[PDB]
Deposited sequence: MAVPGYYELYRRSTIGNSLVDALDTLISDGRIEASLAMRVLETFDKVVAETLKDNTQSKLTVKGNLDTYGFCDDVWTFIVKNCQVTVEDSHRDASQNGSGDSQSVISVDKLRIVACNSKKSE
């Protein structure tokens, strides 16, 4: 019932690597793998609602934006990001993907 786009992250594609590795090793199957992924979805949703506290902002220049199927996508060049919970990191390119907070 939640948004299924968090396997695009490092933690998510590492889980899909782990699950299809164990599929290739020959004990699990697609039903087990998919139930793993929606359980992963629920637990990342709860861990991001409760136990995040840091403050992170990035300011830059936008290259390409977009909005379809309840998803905003942005491309920002030459962007400056700072970290506070005091480190500023300069990064040339970053891509932003999001979905609406209230699921429908």
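Going by the record, the unmodelled stretches of the deposited sequence, in order, are 1-4, 90-102, 122.
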